[PDB]
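K.L.:
Number of protein chains: 2
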Amino acid sequence: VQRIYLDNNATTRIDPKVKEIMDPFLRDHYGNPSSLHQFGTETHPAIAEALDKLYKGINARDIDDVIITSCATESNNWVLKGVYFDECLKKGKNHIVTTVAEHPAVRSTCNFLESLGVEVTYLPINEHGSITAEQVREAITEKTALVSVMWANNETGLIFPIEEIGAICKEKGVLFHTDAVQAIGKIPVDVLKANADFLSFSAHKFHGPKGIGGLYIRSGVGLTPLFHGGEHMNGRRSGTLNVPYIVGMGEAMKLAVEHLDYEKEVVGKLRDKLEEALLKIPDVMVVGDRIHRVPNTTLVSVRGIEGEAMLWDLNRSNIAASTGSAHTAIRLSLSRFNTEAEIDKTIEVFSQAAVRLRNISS
Amino acid sequence: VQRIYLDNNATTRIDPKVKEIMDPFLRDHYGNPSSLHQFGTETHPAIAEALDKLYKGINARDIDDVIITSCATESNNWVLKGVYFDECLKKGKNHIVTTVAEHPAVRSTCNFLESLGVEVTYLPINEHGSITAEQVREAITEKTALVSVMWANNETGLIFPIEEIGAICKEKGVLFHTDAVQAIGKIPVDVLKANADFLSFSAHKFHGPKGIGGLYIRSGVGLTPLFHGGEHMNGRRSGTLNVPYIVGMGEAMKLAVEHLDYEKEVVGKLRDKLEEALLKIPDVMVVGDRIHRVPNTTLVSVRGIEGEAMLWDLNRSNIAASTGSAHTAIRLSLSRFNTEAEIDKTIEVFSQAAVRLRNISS
Ligand SMILES: Cc1ncc(COP(=O)(O)O)c(CNc2co[nH]c2=O)c1O
Ligand SMILES: Cc1ncc(COP(=O)(O)O)c(CNc2co[nH]c2=O)c1O
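Here the protein sequences come in this chain order: A and A'. A prime marks a further copy of an entry chain.
Here the first sequence stands for residues 2 to 327, 350 to 385, numbered as in the entry's author numbering.
Here the second sequence stands for residues 2 to 327, 350 to 385, numbered as in the entry's author numbering.
1. Can you tell me where the alpha helix (DSSP H) holding A/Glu165 begins and where it ends?
2. Please identify the residue among A'/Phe228, A'/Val248, A'/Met234 and A'/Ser35 whose C-alpha is closest to the C-alpha of A/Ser109.
3. Between A/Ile306, A/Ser326, A/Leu242 and A/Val98, which has its C-alpha nearest A/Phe373's C-alpha?
4. What residues from chain A crowd round A'/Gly58, counting only those whose CB sits closer than 8 Å?
5. Secondary structure at A'/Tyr123, three-state DSSP: helix, strand or coil?
6. Inspect the CB distances between the stretch 158-166 of chain A and the stretch 128-148 of chain A and report whether three or more fall short of 8 Å.
7. Can A/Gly214 be considered in contact with ligand 3, in the sense that its beta carbon sits closer than 7 Å to one or more heavy atoms?
8. Give every residue of the same chain whose Cβ lies closer than 6 Å to the Cβ of A/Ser323, excluding the five residues on either side of it in the sequence, and list them in chain order.
9. Using a 10 Å radius around the Cβ and a threshold of 16 neighbouring Cβ atoms, would you call A/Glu276 buried or exposed?
10. Does A/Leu300 get closer than 8 Å to chain A' when you measure Cβ to Cβ?
11. Please classify A'/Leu279: is it buried, with 16 or more other beta-carbons within 10 angstroms of its beta-carbon, or exposed?
12. Write down the C-beta distance between A/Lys92 and A/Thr145 rounded to the nearest angstrom, noting that I regard them as a contact closer than 8 Å.
13. Is the Cβ of A/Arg14 closer than 8 Å to any Cβ of chain A'?
14. Quick one: using the 10 Å Cβ neighbour count with 16 as the cut-off for buried, is A/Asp16 buried or exposed?
15. Quick one: is the Cβ of A/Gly240 within less than 7 Å of any heavy atom of ligand 1?
16. Relative to the C-alpha of A'/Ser302, which candidate in A'/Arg317, A'/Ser116 and A'/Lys281 has its C-alpha closest?
17. Around the Cβ of A'/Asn316, are there at least 16 other Cβ atoms within 10 angstroms (buried) or fewer (exposed)?
18. Going by C-alpha to C-alpha distance, which of A/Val137, A/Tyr85 and A/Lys171 sits closest to A/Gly118?
19. Beta-carbon separation of A/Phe202 and A/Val175 under 8 Å?
20. Go ahead and pull the three-state DSSP assignment for A/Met254.
21. Using beta carbons (cut-off 8 Å, strictly below), is A/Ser36 in contact with chain A'?
22. Can you pull the chain A neighbours of A'/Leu312, defined as C-beta to C-beta under 9 Å?
23. Measuring alpha carbon to alpha carbon, tell me which residue in A'/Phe360, A'/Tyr31, A'/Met311 and A'/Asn319 is nearest A'/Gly325.
24. Candidates A/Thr299, A/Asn154 and A/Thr142: which alpha carbon is nearest A/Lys173's?
25. Excluding five sequence neighbours on each side, which residues of the same chain lie with their C-beta closer than 6 Å to the C-beta of A'/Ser318?
26. Are there 16 or more other CB atoms within 10 angstroms of the CB of A/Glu115, so buried, or fewer, so exposed?
27. Cβ of A'/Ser239 less than 8 Å from any chain A Cβ?
28. Is it true that the CB of A/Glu75 sits closer than 8 Å to the CB of A/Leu147?
29. At a cut-off of 7 Å, is A/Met250 close to ligand 2 when judged by its beta-carbon and the heavy atoms of the ligand?
30. Report the start-end ranges of each alpha helix (DSSP H) in the stretch 57-111 of chain A that is 4 residues or longer and not cut off at the edges.
31. Which same chain residues, not among the five before or five after A'/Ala184, have their C-beta less than 7 Å away from its C-beta?
32. Assuming A'/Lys54 and A'/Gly251 are in contact, meaning their beta carbons sit under 8 Å apart, how far apart are those beta carbons, in whole angstroms?
33. I'd like to confirm something about A/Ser35: is its beta-carbon nearer than 7 Å to some heavy atom of ligand 1, or not?
34. In or out: A/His45 buried (at least 16 other Cβ within 10 Å) or exposed?
35. Does the beta-carbon distance from A/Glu309 to A/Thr351 come in below 8 Å?
36. Listed from N- to C-terminal order along the chain, which residues in the stretch 61-92 of chain A have their beta-carbon within a distance smaller than 7 Å of any beta-carbon of chain A'?
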């Protein structure tokens, strides 16, 4: 049987080099890195190199932290809740600015925060499917503790003006967090250029395992623990380290940046092929802008078919995809593992499935 | 070279059957279980069986939850912080009772909670190295939201009277949490017998991977998310599921209970051998009670040697162990993988190392 994975914005496959690098730490290198003996110290080089890859991948500096967490969602809840106690309860800066495009990890936590009495303003989405930096400018008040905008939308795949917002925030003295999970491995990421205080990522979106991610914390910025017990990760996030995954995610990030050119030049080419070969069906449009997008994502609506339906049908022919808010539209999410063969086949099976669904309509 | 691992209360080695069961989900079964297509649905049976093993392992009932978390420390911070908003801020029950023996995941979070204005009373440890259930009884007030006592001490390895406290709490209407990480795989665990509302475990203490654990939540007991974003785990803990680890931890727990008899009957026998063959050195005593202990742990002090020292020396001869509060004492932590050969050797190298350190003293 031959299947086609186009659900990469949902999760990706672990690169074999990632699997390989991790295996030893699930076999004999199973010491706890906190221990003082050989079983624990023996794991330090591996860990250190993995971390090196992470720092290097996002151009964090030695004086910054990249804290290992259990996933981006941990990262997000941590920034929001920590800024809550630090900035909102303790310094009275009881406002947060974010967007409506933000992953439920951000919005939902915000929802809880307003439940506690924070006022959060969710920036509305424009015609262009984007946000503009001036848009937060006329929302930052003396009460704003934090602005949080995602680096790229998980649904449409379009990049936001992170540098702009970075500059705004630098200027007006408000903490900046970017949820960058959709950015890693897809477009260059630079916390320095972004003037970010906080950045989130999750490994399984760039060919590492599910169940680990990271939060970048900028030098001398404080953030009260979400995991108290303060021994590991410079006391900012306690719990025995996930050695195998840490080593894997480090390799994963290395490979991701190493394939940044490929991502734009062929995965992007393939994405454009799927897209413009695909819009040759009647009555179909891509949801939002096609310029300021991540190379691997296309979100298409077909006029007179609910997104899900097309998904179920496509599944039957061994091709995986997801939905996305526009009724609902369908999201196709490529990766470095897809072939031209595969998307030719996709154009075929998609058009076929579309026209069949449309005419049994009557 | 041949090494001897006796640091099992710090972390354990993954059972090979655990490694084996997990491998497929790091290779081709890499779908995201939330997805609707074949890549996601294909993982449901595996997950469901893994969860079945967890429920079965702790005698949770179908109407209870066992929520996958990223480790026990997550579990602990979650119970404490959630009970904080639910019971303390919202119902005015601004007291918690716990012990001083509790892992830093519990105590440290408590420390933060008193920073916010909760009053926490840490029960003191007796002569017997234990706690008595009547001890919490004369500390539970109209303000008590929660009592938290660990099922077994990570340092001495001694069991606490969980049933007693369970009954007390049932009676007096206060939420009960037990951090059971040291109990799993070591002594029978029964949330029902324990009348627990909440129970924590971490897989890497019973031969699963580091970086996953669980929180048992009793039917109709509420607990506000620590991970908001409310999609996975019946909206109680959001973030893409850690498939490989979930499957592994399930196998891990199955094997742990399956070896409960062995644990008491041979690992315990080996532990007793190390212990009574070991106390034949002058000036040495085991820290606390030797009756109400987990089968695999011995914590010994040597009179006139700081624990660490003995640790460094023992490391040089390829034998791993840890310290523990009494100066400091040394903790030897066995598992189902240790052999009689190994502990004979240990008695040898320990006595040798002890007498050498003692006489270069002069
Ligand atoms: C009772 C107990 N609770 C919580 C933890 C924290 O576990 P985690 O969240 O999986 O990191 C440990 C680990 N105990 C020890 C870990 O290292 N040395 C120990 O004695 C523990 O023994
Ligand atoms: C931007 C962004 N933030 C956070 C998350 C949460 O990641 P986690 O903590 O690793 O589970 C996702 C995952 N995005 C999607 C996950 O599933 N479908 C998606 O579109 C994401 O795309």
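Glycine included, C-beta positions come from ideal geometry on N, C-alpha and C.
P.N.:
So, to answer that:
1. Where A/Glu165 is concerned, the enclosing alpha helix (DSSP H) stretches over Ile163 to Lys173.
2. A'/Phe228
3. Measuring from the Cα of A/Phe373, the nearest candidate turns out to be A/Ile306.
4. The contacting residues do not exist; A'/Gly58 stays about 20 Å from chain A at best.
5. strand
6. Yes, the stretch 158-166 of chain A is in contact with the stretch 128-148 of chain A.
7. Summarising the ligand content, the structure contains ligand 1 and ligand 2 and does not contain ligand 3.
8. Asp8, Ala11 and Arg354
9. That one is buried.
10. no
11. Looking at its Cβ environment, which holds 16 or more other Cβ atoms inside 10 Å, A'/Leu279 is buried.
12. Actually they do not touch by this definition, with Cβ atoms about 11 Å apart.
13. yes
14. When all chains shown are included, A/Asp16 counts as buried.
15. yes
16. A'/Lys281
17. buried
18. A/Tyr85
19. no
20. helix
21. yes
22. Contact of A'/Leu312 with chain A by beta-carbon distance below 9 Å involves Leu37 and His38.
23. A'/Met311
24. A/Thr142
25. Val372
26. exposed
27. yes
28. no
29. no
30. 73-84
31. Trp152, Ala153 and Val190.
32. Their Cβ separation, rounded to whole angstroms, is 4 Å, which keeps A'/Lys54 and A'/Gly251 in contact under 8 Å.
33. Flag set: Cβ of A/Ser35 near ligand 1.
34. Its Cβ having fewer than 16 others within 10 Å, A/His45 is exposed.
35. yes
36. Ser71, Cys72, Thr74, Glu75 and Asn78
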